[PDB]
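Only one chain is included here, represented as structure tokens and corresponding to the form deposited in one PDB entry.
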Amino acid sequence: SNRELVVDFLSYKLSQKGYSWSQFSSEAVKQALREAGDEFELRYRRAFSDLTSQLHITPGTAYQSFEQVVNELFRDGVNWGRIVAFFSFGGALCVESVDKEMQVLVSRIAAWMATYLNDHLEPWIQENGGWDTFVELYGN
């Protein structure tokens, strides 16, 4: 479910760069999230490029980089926009790992994302009306 969302979004972002999720490894929610991600990545393309140009991805530091950035993202609280950005960050990390021929990290990044959602974001999501409320507020 959270798993489902992560795989959907990462598959989409990888496909946009011409990569397939399958080589490395509800619908309304997934579509609204895909679309919010596209829009976020445009509106904050500067923040996107700032991140991408400062990622030095290695197997030994990739979890550290994920954690560092995600802790910063939610330092001042959670909102729907920040959750979208969290997905877009996961997408950027996977694309970058494949660029650097560290495709092995893709399935691992997906797992880190699901764990973060399950352990840390779920309480907020549930308190704030669940994913249905996200669709209500930011779908179409």
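Residues that one form lacks are left out of the comparison. Throughout, we count residues from 1 along the sequence that is shown. The term rigid core refers to the maximal set of C-alpha atoms that superpose within 1.5 Å between the two forms.
This protein has a second form, the form deposited in another entry, left out of what is shown; the following refers to that one.
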*Establish whether a shift of 2 Å or more occurs at the C-alpha of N71 between the shown form and the other one, with the two forms superposed on the rigid core.*
no
*For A92, decide whether the Cα shift between the shown form and the other one is 2 Å or greater, given a superposition on the rigid core.*
no
*Against the rigid core, is the Cα displacement of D50 between the shown form and the other one at least 2 Å?*
yes
*Might you say whether the CA atoms of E41 and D50 end up closer or farther apart in the other entry than in this form? Their distance differs by 3 Å or more.*
closer
_in the other entry, the Cα separation between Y12 and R82 changes by 3 Å or more relative to the shown form; did it shrink or grow?_
farther
_Moved runs of 3+ residues, each with a C-alpha displacement of 2 angstroms or more between the shown form and the other one on the rigid core_ = 1-23, 46-55
